[PDB]
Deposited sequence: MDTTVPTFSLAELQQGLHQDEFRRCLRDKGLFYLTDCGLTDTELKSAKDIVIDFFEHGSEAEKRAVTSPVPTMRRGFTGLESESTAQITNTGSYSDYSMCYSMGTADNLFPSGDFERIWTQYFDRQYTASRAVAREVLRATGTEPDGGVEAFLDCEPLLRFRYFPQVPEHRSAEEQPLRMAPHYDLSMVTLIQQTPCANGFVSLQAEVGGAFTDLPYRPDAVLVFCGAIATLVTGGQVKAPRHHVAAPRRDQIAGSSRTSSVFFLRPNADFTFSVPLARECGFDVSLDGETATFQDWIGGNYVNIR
């Protein structure tokens, strides 16, 4: 096996091309760069700049108004600074910021659902309840500015898309038993498959561990299922999930609990 992190064109995957290669990548590596997905440096610029500006020039009063009463980093500002958002209940410092970041979020959300749809297609997977219900989920977008820097872990998402700005290559993932560099690619977004991909496809997809080594920024978009996403308990045990679930079927909520857990 070649320990290279492959790259796939989204348009090409949708054309039905490179299926075997794609399947093999999902199974043995669980990560790849994605091109032609509506996400490039061009998008990352407007959002990065305006939020970076906010981090450096926003008054203490402005940041307060966009900070949640509970420091969960789910929405708004968080003091490595962070800015998070989802499909709703967002906190935006200004109209300009809102317009830019709402557009940026939608683009990120569309590419994530699209690539995930391909992950389901390539593995011939039909989630309980159907593909669409599964993909119209609970994504979370976290933009972080970093002026190890993050312990090893795998993501519990379906897929996680990451856009970075270069410094030194900080992001690293395990490939072929070794931590491999995952540098910026102004033309592509980095896709990490998470535990839910592994679970929903019956173990056809690997969820690789990764970490941040020790300025940079990272835009991390988690495509997370709904609390009611349902799956087979026996099948989960067949691919490595050490579940303590009574019964034949269970929901994401039964497994993870009442609060989203993004990494592990």
Open item on the list: Tell me which segments of the deposited chain sequence are not represented by C-alpha atoms in this structure.
Closed with: 80-97, 166-177, 198-200, 248-256
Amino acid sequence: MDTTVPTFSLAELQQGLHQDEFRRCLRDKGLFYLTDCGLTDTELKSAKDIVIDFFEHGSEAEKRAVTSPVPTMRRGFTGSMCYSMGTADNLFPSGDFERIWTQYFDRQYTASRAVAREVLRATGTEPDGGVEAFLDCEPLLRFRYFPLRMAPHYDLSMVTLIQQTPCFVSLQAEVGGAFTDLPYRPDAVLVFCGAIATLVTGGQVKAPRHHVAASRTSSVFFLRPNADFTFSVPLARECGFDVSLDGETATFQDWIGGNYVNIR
From here on, numbers count along this sequence of modelled residues.
TODO: Averaging only over Cα atoms, indicate whether 138-146 or 111-119 has the higher B-factor in the PDB entry.
DONE: 138-146
Task: 67-75 versus 129-137 - which carries the larger mean C-alpha B factor in the record - done: 67-75
Task: Residue, from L39, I196, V220, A227, that the PDB entry assigns the highest Cα B-factor - done: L39
Task: Peak C-alpha temperature factor (PDB record), options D155, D106, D96, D89 - done: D96
Task: Entry-reported Cα temperature factor of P234, expressed as the chain third it lands in - done: middle
Task: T165 by Cα B-factor - lowest, middle or highest third of the modelled chain - done: highest
TODO: Determine, from the deposited record, the chain-internal third of the Cα B-factor for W101: lowest, middle or highest.
DONE: middle
Task: Within-chain third of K29 by Cα B-factor, per the entry - done: lowest
Open item on the list: Which third, lowest, middle or highest, does the C-alpha temperature factor of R216 belong to within its own chain?
Closed with: highest
